[PDB]
Structures are given as structure tokens and as C-alpha cells.
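Atoms considered below: every heavy atom in the structure, side chains included; atoms not considered: hydrogens, waters and symmetry mates. Protein chains get the first letters and strands the later ones, always in sequence-line order, with residue 1 at the start of each.
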Number of protein chains: 2
Amino acid sequence: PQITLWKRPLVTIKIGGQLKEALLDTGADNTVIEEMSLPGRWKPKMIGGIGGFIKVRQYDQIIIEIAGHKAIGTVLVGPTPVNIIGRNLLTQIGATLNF
Amino acid sequence: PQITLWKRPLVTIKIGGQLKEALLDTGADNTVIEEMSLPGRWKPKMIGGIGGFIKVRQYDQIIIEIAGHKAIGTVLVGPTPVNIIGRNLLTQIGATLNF
Ligand SMILES: CC(C)CN(C[C@@H](O)[C@H](Cc1ccccc1)NC(=O)O[C@H]1CO[C@H]2OCC[C@H]21)S(=O)(=O)c1ccc2c(c1)OCO2
Ligand SMILES: [Cl-]
Ligand SMILES: [Cl-]
Ligand code: NA
């Protein structure tokens, strides 16, 4: 698709068996999802934005379906106000910014 | 241009006759720049990011060049970690997300 930016670029994702809404976010290095369980190992991380930092759990090699496109990568889980698909997964579905 | 996302989508902006670097950020509703002087009156605004809320100064109808494209619109000034170009100006330069 071609997604305009008059409104937030929200899409449906599937992660850990669950359907969620998430923001396609070119300003995010990393993918950050609201608290949920995921399988496998994790390690703690701090990530920072407007407002400061939050502590997250870093899960590696997680499969995510993003508007019908499968990708794998690292997913951070923690108290983000919104689910964010960052560049680490946008690259894998071939997303570009065009103007 | 068609900008891929393997690296941060940083562009040159020009505001108040000065060049700065800024991040093209589809996850930002608003454009937020680091402290600088801008003409005119400002109004209060609170914006919520990953770590919580901050107060910013809202300046309307500011001339700003983005990657060589002319925009005139709202610029928020405050303690953002990076200059961010949000959807209010990404729409003005005709940007879309494509995959
Ligand atoms: C601030 C930029 C450099 C980084 N952020 C991504 C943004 O797209 C963020 C994504 C975001 C969106 C909504 C709520 C929280 C974060 N948007 C945001 O802060 O926008 C603010 C300005 O416009 C307003 O509209 C949205 C909130 C305001 S982020 O959420 O802090 C973030 C995401 C993933 C990360 C990261 C930081 O560090 C490493 O991986
Ligand atoms: Cl990754
Ligand atoms: Cl590519
Ligand atoms: Na893992």
C-alpha cells in the first residue's frame, strides 16, 4: 500500500498469537509493544524518547505479521503508550518514505 | 526521493536561516525541535512521548525548509532528544509510506 499521513499510520499486526494495532514509525529505531508475554529468553534494556526513558524487556528473533507481511526481529516489551513498529521491522517489509 | 529505513531518515532542514538535522518521523503527530529562537507569539502545549509528557512552546505559521521542500506550519520547541519532523509537515511535503 501507499499510506498517507493525514492520520496516524496504524496497522494491524499479529504477534505472539495476538492481533494488535500498531503505529508505523520511521522515527523509532526499535519496535516497542505494550506489556505482553512472549516466549524465550529476554534481557533488560532502557530506551529513551520525549519524556525520558522506560525499562523494557528485549526479546530476539520474534516473528511479527505486519499488515499481512511477515518479518522477524527484536521486539521490546514495556510500558509504551502506543505499540510502535520501528525501523528494524519496517526494513523487512520493504517500507520506504516517498516524496 | 524514496528513503529506505536501514539508517535513520535524517534530512537537512532550514529554519530561521540556519541549517539543522532532523528526523522524518511518521510516528510523530507534531514537529518538535530543540530550543531555538522563533518569531512571534507562542502558545502552550503538552506532548506525550514514550517516557511521559513534556511542555513545549507552540509557534504557528513558521517557514521551514525540509529536504529542499517548502513548508509553513506549526513548530513545537522544547527538550526533544532529536529534531523531529512530524505528520503536520510531512503532509505538506507530500510524504507517504509505501510497502
Ligand atoms: C522521539 C523519537 C526520536 C523516538 N520515538 C519515536 C516517535 O515516533 C514517538 C512514537 C510515540 C507515539 C505516541 C506516543 C509515544 C511515542 N513519537 C513521538 O514522541 O511523538 C511526539 C511528537 O508528536 C506527538 O505525537 C505522538 C507523541 C508526540 S520513541 O517512541 O521515543 C522511541 C521508539 C523506539 C525506540 C526508541 C524511542 O529508542 C529506541 O527504540
Ligand atoms: Cl532486529
Ligand atoms: Cl531495501
Ligand atoms: Na528469542
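Ring pair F99(A)/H69(B) is perpendicular by interplanar angle, where above 60° counts as perpendicular and below 30° as parallel.
Two residues are said to be in side-chain contact when any heavy atoms from C-beta on lie closer than 4.5 Å; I63(B) and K70(B) meet this criterion. Contact of the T4(B) side chain with the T91(A) side chain is not registered, since no non-hydrogen atoms from C-beta on lie closer than 4.5 Å. Side-chain contact between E65(B) and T12(B) is absent, with no heavy-atom pair separated by less than 4.5 Å. Between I50(B) and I50(A), every side-chain heavy-atom pair lies at or beyond the 4.5 Å cut-off.
Rounded to the nearest 0.5 angstrom, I47(A) CD1 and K55(A) NZ are separated by 11.0 Å. If you take OG1 on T80(B) and CD1 on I33(B), they are separated by 10.0 Å, rounding to the nearest 0.5 Å. With values rounded to the nearest 0.5 angstrom, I66(B) atom CD1 is found 7.0 Å from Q92(B) atom CD. To the nearest 0.5 angstrom, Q61(B) atom CD is 7.0 Å from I72(B) atom CD1. Note: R57(A) CZ to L76(A) CG = 10.5 Å, rounded to the nearest 0.5 Å. Distance check, rounded to the nearest 0.5 Å: CD1 of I84(A) to CG of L89(A) gives 12.5 Å.
For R87(B) (side chain) and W6(A) (main-chain N/O), a donor-acceptor pair under 3.5 Å exists by modelled atom type. In this structure a side-chain-to-backbone donor-acceptor pair under 3.5 Å is present from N83(B) to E21(B). In this structure, the side chain of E35(B) does not engage the main chain of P79(B) through any donor-acceptor pair within 3.5 Å. Although no hydrogens or angles enter the test, the distance criterion places a donor-acceptor pair under 3.5 Å between the side chain of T26(B) and the main chain of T26(A).
Scanning all heavy atoms of the two residues, the minimum distance from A95(B) to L5(A) falls at O-CD1, 3.5 Å. Closest of all the heavy-atom pairs between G49(B) and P81(A) is O-CG, 3.6 Å. Scanning both residues, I3(B) and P9(B), for their nearest heavy atoms gives CG2-CB, 4.1 Å.
Connection of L38(A) to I85(A) is established within a shared hydrophobic cluster, with ILVMFWY side chains joined at heavy-atom distances below 4.5 Å, either directly or through further cluster members. Cluster membership for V11(A) and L23(A), using ILVMFWY side-chain heavy atoms within less than 4.5 angstrom, is not shared. Hydrophobic clustering places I13(B) together with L97(A) (ILVMFWY residues linked when any side-chain heavy atoms are closer than 4.5 Å, directly or through intermediates). Linking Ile, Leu, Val, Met, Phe, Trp and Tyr residues whenever their side-chain heavy atoms come within less than 4.5 Å leaves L10(A) and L90(A) in two separate clusters. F53(A) and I54(B) end up in different hydrophobic clusters when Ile, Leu, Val, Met, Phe, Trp and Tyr side chains are linked at under 4.5 Å.
Salt-bridge annotation for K43(B) and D60(B): present, with a side-chain N of the basic residue lying under 4.0 Å from a carboxylate O of the acidic one. Checked for salt-bridge contact, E34(B) and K20(B) miss the test: no charged N lies under 4.0 Å from a carboxylate O.
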| Passes side chain to side chain contact (heavy atoms under 4.5 Å, CB included), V56(B) versus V77(B)? Steps please. | CA-CA 5 Å; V56(B) 300; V77(B) 179; over 6 Å; no
| message | Would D29(B) and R8(A) count as a side chain to side chain contact (heavy atoms under 4.5 Å, CB included) here? Give the steps. | response | CA-CA 7 Å; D29(B) 300 340; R8(A) 297 200 176 201; 3.0 Å; yes
| field | Intermediate values then yes/no, side chain to side chain contact (heavy atoms under 4.5 Å, CB included), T74(A) and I62(A) | value | CA-CA 6 Å; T74(A) 294; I62(A) 305 298; over 6 Å; no
| message | Using the rule given for side chain to side chain contact (heavy atoms under 4.5 Å, CB included), can you reason through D25(B) versus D25(A), listing the C-alpha separation, both sets of side-chain angles and the distance that settles it, and then say yes or no? | response | CA-CA 6 Å; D25(B) 192 352; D25(A) 191 354; 2.7 Å; yes
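Judged by distance alone, the side chains of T96(A) and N98(B) never bring a donor and an acceptor atom under 3.5 Å apart.
When the side-chain hydrogen bond (donor to acceptor under 3.5 Å, both in side chains) test is applied to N88(A), the partners found at least two apart in sequence or on another chain are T31(A).
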